[PDB]
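Q: sequence, then structure. It's an experimental one.
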Amino acid sequence: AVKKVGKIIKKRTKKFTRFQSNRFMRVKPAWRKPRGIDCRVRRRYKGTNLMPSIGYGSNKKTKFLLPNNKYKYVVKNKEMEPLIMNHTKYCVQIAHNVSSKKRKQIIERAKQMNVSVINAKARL
Amino acid sequence: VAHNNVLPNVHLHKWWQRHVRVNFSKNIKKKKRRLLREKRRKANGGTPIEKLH
Amino acid sequence: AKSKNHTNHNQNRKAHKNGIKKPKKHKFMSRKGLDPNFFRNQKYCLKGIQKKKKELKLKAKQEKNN
Amino acid sequence: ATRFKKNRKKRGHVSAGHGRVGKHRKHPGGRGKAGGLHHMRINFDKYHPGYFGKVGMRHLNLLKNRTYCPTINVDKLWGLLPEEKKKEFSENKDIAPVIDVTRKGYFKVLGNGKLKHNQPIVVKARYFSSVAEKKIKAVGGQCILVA
Amino acid sequence: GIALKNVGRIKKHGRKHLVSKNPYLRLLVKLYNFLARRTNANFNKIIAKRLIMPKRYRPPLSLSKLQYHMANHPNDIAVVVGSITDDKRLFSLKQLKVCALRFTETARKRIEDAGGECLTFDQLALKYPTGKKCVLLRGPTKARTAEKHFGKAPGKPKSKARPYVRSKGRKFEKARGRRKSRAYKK
RNA sequence: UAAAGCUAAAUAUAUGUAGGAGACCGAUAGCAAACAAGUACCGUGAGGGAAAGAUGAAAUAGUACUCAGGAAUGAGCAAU
RNA sequence: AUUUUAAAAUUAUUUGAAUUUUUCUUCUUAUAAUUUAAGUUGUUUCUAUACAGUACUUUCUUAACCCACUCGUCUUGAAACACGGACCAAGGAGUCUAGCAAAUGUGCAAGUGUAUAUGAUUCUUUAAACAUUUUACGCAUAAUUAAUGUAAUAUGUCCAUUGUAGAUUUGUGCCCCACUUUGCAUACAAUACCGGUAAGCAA
RNA sequence: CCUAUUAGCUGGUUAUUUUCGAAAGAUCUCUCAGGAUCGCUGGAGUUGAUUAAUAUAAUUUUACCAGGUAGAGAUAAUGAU
RNA sequence: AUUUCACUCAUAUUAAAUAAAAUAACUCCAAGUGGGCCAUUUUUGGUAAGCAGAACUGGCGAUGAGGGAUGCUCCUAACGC
RNA sequence: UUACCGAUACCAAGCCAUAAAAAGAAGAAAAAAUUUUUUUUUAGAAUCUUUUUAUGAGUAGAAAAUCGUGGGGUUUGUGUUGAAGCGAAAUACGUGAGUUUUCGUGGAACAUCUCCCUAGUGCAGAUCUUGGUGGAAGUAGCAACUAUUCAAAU
């Protein structure tokens, strides 16, 4: 069912799973388009692992923005200069390969910059 | 053969891996020849190696 | 193995898929080998009229170009 | 440059872009040009009519070195020489160029073109053509043999 | 569903973008397509379309043909989308005003000595944006050799298609179906 | 100007050896073989022919001592 | 942020008139706002007076109504009483070369390519880059016939063959169409001219 | 070892989405499980339209054409009967 | 018969009607394809066949959705969420 | 004879993508406190930005935009305050290959999506190969050659 929250209108959840990935371990949950001949999914039988298509794509007016109504952006060491102007539009996430000292300085600068952080409590 | 192409004329019908030999050593062979001829003229007391024709 | 010896099914639909093509219907038709001893005269006719028209053209061109 | 190949777009397609019902088989028709006059003759008769049969007498050792003769049409003669010399020759009514085409590397002079009226030119070539000679002499020029 | 040819989507034919990845020419087309969009003159539209054509359809145009085609009216400026090649088969040239993309040093020297000036498309835009007093020309598109293999298949009755041959000796495609003596002919 | 003869250079190297390199492979890859390899092994013979790298900084830090069990091994408060 | 404006209607004035003959009767002269114009705005609560919870968003497991035949394959016809698949991890298949053609992009352009090779205070990287005394060759500039060979208007003029349309172009009625001016490219023809073979003549 | 011989035949031939999208005819084939060929398709590019036209139409109408199937015959031919 | 001139033949709905008629026309490169089948109607051989073989058209294949309990082809109807 | 129920067909509206279409190479709005401060923006990227309409099925088959992998120049970083990997997971993003994160383990390297060059590059299968593990199962079975019993030592 479509989920409606504020202004972001999402049309689908339950990230799609590969056909037959239930009773076959070697088939991983990552989706693929089965080619086959009589492969059911291609025929689109009534109610059996319906496949992704273009129609499920959300609205580009709101597409990439996160429930924070704010696009996310990665940071590594000190790259906060391009964030000063658009503090109402871009949230910042620390890269997972950042040590505690650098992450501490980044969180210090960001908090006074007044920009939200996603993984604030990382490795501490 | 497939429609409007030239008639194939490839003379590779016999074994040719046995005889393929590319020349990677062009420039270094040139340098070796230069050094050899320079030494040949240097050892000759300054007399030019070339001959009138 | 028995093989179907002929059919003409689906041929009309294949023909009309691209639409029945029409000849280009150009204006002039060549006279390479049509009823000679008439176009033999006609070629001389054209040469004569062209000669008169072009010689008058050159006469006018000279009398206007001094 | 390998990922630009067509094959890199059909990895998950079973047939690899070479058909399913027909299948891809090694040398279906026959190796080389094997279909001559038996089953591939329609292609030969449609694209290379005169491929089959032999015509003409035999030159044993042609030795192409003998009958080598580059050709120059008669109009390009003025273009051969530099344009400033062209201007001075055109200006003067008393001097005419001499073009020994052997120096440039040309042998025969052919009659195609349209020279400049009332201007003589001297030409020296191993061979001439009748129409070229007529054109040259019609404007006061001279054909001079050389060897 | 609907009963529409090509399911009701309009399909054109031609270049939708310049595949030519060349910054100066990209800037130039950015200028002329804008001129076409703003103005209503077909001249700008045509020249913008012609700057997008492939390399094989902006062909060289020789000085002889260019001068011959301006022989009717002497005061106008020629615009040719391709480059103009010098022709050694011409003797003298007279006061020609041209605008092309590329040139050849011999042609440039010849035209400068003649006394004209090589207008580039920037100068053409700055001087005559409405196409005034400019005649549009292009060299022979189909005269290129690869078109000699086109048309009817070589071997068709009354066909004039050069067939692909390794050479033109007396044993290369000269016997069967080309002379009455050996089977049919043509 | 045949039916006698000689000769360095310009040229080739999937051999052996000795050096030097790499938009090459990185332990099912790369030579069959990174290690005790043409070894173990198979076939009476011509011959066929493998698997197997990484403790740790330092084992000149490689498991001392107690208890239980025949010993293996186990547990500790004991110990690197 | 230069059509959420115009008018369109409504109210309340005013203007003249009208007619179906008057409290939604109509047509505007002039005025100010309303919106039925010109895509849903307002009011009251709750979340809630808290920093993680039973609330709130989400993952997972269970159930519930409805539906759903093992995939891959050759095949007109696959879930088949057609064949391969006990399971897992790794490896595993349109590549490379020569030659040609086409499409595209680039340089140069009647020329093009610098080949072998040459010179250099280049000589870790340098087995690359740089450079090439006034026709070396390939491919192209002209074709054709078995072949001796022959070889593209023709000197009236540095016009550059002729038609039918045909892009532009200069103007007449700175944006259309009809009138004369140029006639790209090309398309369909016609002409000449070169080789070849016929035919007539023929020293 | 030649040799990784050849195999018109069997099996396989690995990531997404979007756009377009078929044939199982016809000629020839020591051809009938194959192949070449046009026909159907895609991609590319060009000329013409963008001016409710002109080309154009699996369309109908107006005019003008050609056929010998059903049907009808046995006294109109032939053959019956 | 040709060329050049006269003159002018609806053209403002357009030498009948109607046209999502320029989604055209052409040229080039190329894959797959080249065993078909079912259905109303016509029809050949055979007694007949879910047979063998053709004909105009549509489908199936290449395709699911609702119905015929159920079904590769029947009826409605062809699929972005 | 009415009334009804009945589709991924039809109609109205919303959103996606494709194609076409119309058009484009520089200025202050509002709210809250109390005229002054605070609060949000003040946009101009042409294979783009704004807007309109139509359409949306597909095997063999072709093209485009794409997402990852081993390397390589080029820019610019992360690393003992623990990187690469791996297990579990995420009010996480896409439509989707996947990307990005938190916790635990780990003990030395890792990415570049700034643009590009290159390739032994993406797996479920091939009675695929190599290595390991199942159910079948504590089951079949441990059968010929007649036969062993007691007491003690060890």
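A: Yep, it's here. Residues are numbered from 1 along each chain as shown, chains lettered A, B, ... in the order given.
Q: show me where chain A has helices.
A: Along chain A, counting by DSSP state H, helices occupy A:100-113.
Q: contacts only, for the residue of chain B found nearest RNA strand H.
A: Here chain B gets closest to RNA strand H at one residue, residue B:3, 3.4 Å apart by Cβ to the nearest atom of the strand. In this view, the C-beta of every residue, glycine as well, is placed from N, C-alpha and C. Counting by Cβ atoms under 8 Å, 6 or more residues apart in numbering or on different chains, residue B:3 touches D:43, D:47.
Q: okay, and it sits in which element?
A: Assessed by DSSP states H and E, residue B:3 sits outside every helix and strand.
Q: for residue E:172, see how far away it is.
A: According to Cβ to Cβ, to the nearest Å, residue B:3 stands 19 Å off from residue E:172.
Q: ok, residue A:83 next?
A: Plainly put, residue A:83 is 73 Å away from residue E:172 if you go by Cβ to Cβ.
Q: settle it for me: which of the two has more neighbours?
A: Between residue A:83 and residue E:172, residue A:83 has the larger neighbour count (other Cβ atoms under 10 Å in any protein chain shown), namely 18 against 15.
Q: I figured that one hits residue A:71, correct?
A: No - using Cβ atoms under 8 Å, residue A:83 is not in contact with residue A:71, being 11.3 Å away.
Q: residues shared between the contacts of the two?
A: Residues touching both residue A:83 and residue A:71 (Cβ under 8 Å, 6+ apart) are residue A:90.
Q: contacts only, for the closest residue to residue D:105 other than its chain neighbours.
A: Excluding the flanking residues, the one nearest residue D:105 by Cβ to Cβ, 6 or more residues apart in numbering or on different chains is residue D:70, at 6.7 Å. Listed by Cβ under 8 Å, 6+ apart, the contact set of residue D:70 reads D:105-108.
Q: please apply the same query to residue E:103.
A: Going by Cβ under 8 Å, 6+ apart, residue E:103 touches E:83-84, E:118.
Q: any idea which of those residues is closest to RNA strand F?
A: Taking Cβ to the nearest atom of the strand as the measure, RNA strand F sits nearest to residue E:83 out of those, at 33.0 Å.
Q: now the nearest residue to the closest one once chain neighbours are set aside: which helix or strand?
A: Among residues not flanking residue E:83 along the chain, residue E:102 sits closest, at 3.6 Å (Cβ to Cβ, 6+ apart). For residue E:102, there is no helix or strand it lies in under DSSP H and E.
Q: and the gap between residue E:102 and residue E:154?
A: Taken as Cβ to Cβ, the span from residue E:102 to residue E:154 is 34 Å.
Q: again with residue A:46
A: 58 Å.
Q: quick check: the residue of chain D nearest chain B.
A: Nearest residue of chain D to chain B: residue D:47, at 5.4 Å (Cβ to the nearest Cβ).
Q: where does chain C get nearest to RNA strand J, residue-wise?
A: At 12.6 Å from RNA strand J, residue C:17 is the closest residue in chain C, using Cβ to the nearest atom of the strand.
Q: the more surrounded of residue A:46 and residue E:154?
A: A count of neighbours by other Cβ under 10 Å puts residue E:154 above the other of residue A:46 and residue E:154, at 22 against 5.
Q: surely the more buried one meets residue D:47?
A: Yes - using Cβ under 8 Å, residue E:154 is in contact with residue D:47, at 6.3 Å.
Q: joint contacts of the two?
A: Shared contacts of residue E:154 and residue D:47 (Cβ under 8 Å, 6+ apart): residue E:163.
Q: quick check: phi and psi on residue D:71?
A: In terms of degrees, to the nearest 10, the main-chain angles of residue D:71 are phi -120, psi 140.
Q: scratch that, residue D:130 is what I was asking about
A: Per degrees, to the nearest 10, the backbone of residue D:130 is at phi -60, psi -40.
Q: separation between it and residue D:124?
A: Here the criterion is Cβ to Cβ. By it, residue D:130 lies 18 Å from residue D:124.
Q: compare the two (neighbour count), which wins?
A: Neighbours were counted for residue D:130 and for residue D:124 using other Cβ under 10 Å; residue D:124 has more, 17 against 8.
Q: show me where chain B has its helices.
A: Along chain B, the stretches classed as helices by DSSP H are B:26-42.
Q: picking that back up, top of the contacts of residue D:70 by neighbour count?
A: Counting neighbours by other Cβ under 10 Å, residue D:106 comes out on top of the contacts of residue D:70 with 19 neighbours.
Q: tell me how far that one lies from RNA strand J.
A: 43 Å (Cβ to the nearest atom of the strand, to the nearest Å).
Q: doesn't that residue lie inside a helix?
A: No - read with DSSP: H, G, I helix; E, B strand; the rest coil, residue D:106 is coil and lies in no helix.
Q: next up, the contacts around it.
A: Per Cβ under 8 Å, 6+ apart, neighbours of residue D:106: D:70-72, D:125.
Q: again with residue E:136
A: Counted by Cβ under 8 Å, 6+ apart, residue E:136 has contacts E:43, E:46-47, E:78-80.
Q: also residue B:53?
A: Contact analysis of residue B:53 by Cβ under 8 Å, 6+ apart lists nothing.
Q: if we can go back for a sec, adding secondary structure, distance to RNA strand F and neighbour count as columns, could you present the contacts of residue E:136 in TSV?
A: Below are those laid out as TSV (DSSP: H, G, I helix; E, B strand; the rest coil; distance: Cβ to the nearest atom of the strand, whole Å; neighbours: other Cβ atoms under 10 Å in any protein chain shown):
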residue	secondary structure	distance to RNA strand F	neighbour count
E:43	helix	47	19
E:46	helix	43	16
E:47	helix	40	25
E:78	strand	45	21
E:79	strand	43	22
E:80	strand	40	22
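Q: just the closest residue of chain A to chain B, please.
A: Going by Cβ to the nearest Cβ, chain B is nearest to residue A:35 of chain A, at 27.8 Å.
Q: what about the closest residue to that residue other than its chain neighbours, distance to RNA strand F?
A: Spatial nearest neighbour of residue A:35, excluding adjacent residues (Cβ to Cβ, 6+ apart): residue D:14 at 5.9 Å. Separation of residue D:14 from RNA strand F (Cβ to the nearest atom of the strand): 26 Å.
Q: where do the strands sit along the chain?
A: No chain specified, so I'll use chain A. For chain A, the strands defined by DSSP state E cover A:3-5, A:8-10, A:71-75, A:90-94.
Q: oops, wrong one, chain E.
A: Applying DSSP E to chain E gives strands spanning E:61-62, E:77-80, E:84-85, E:98-99, E:118-119, E:134-137.
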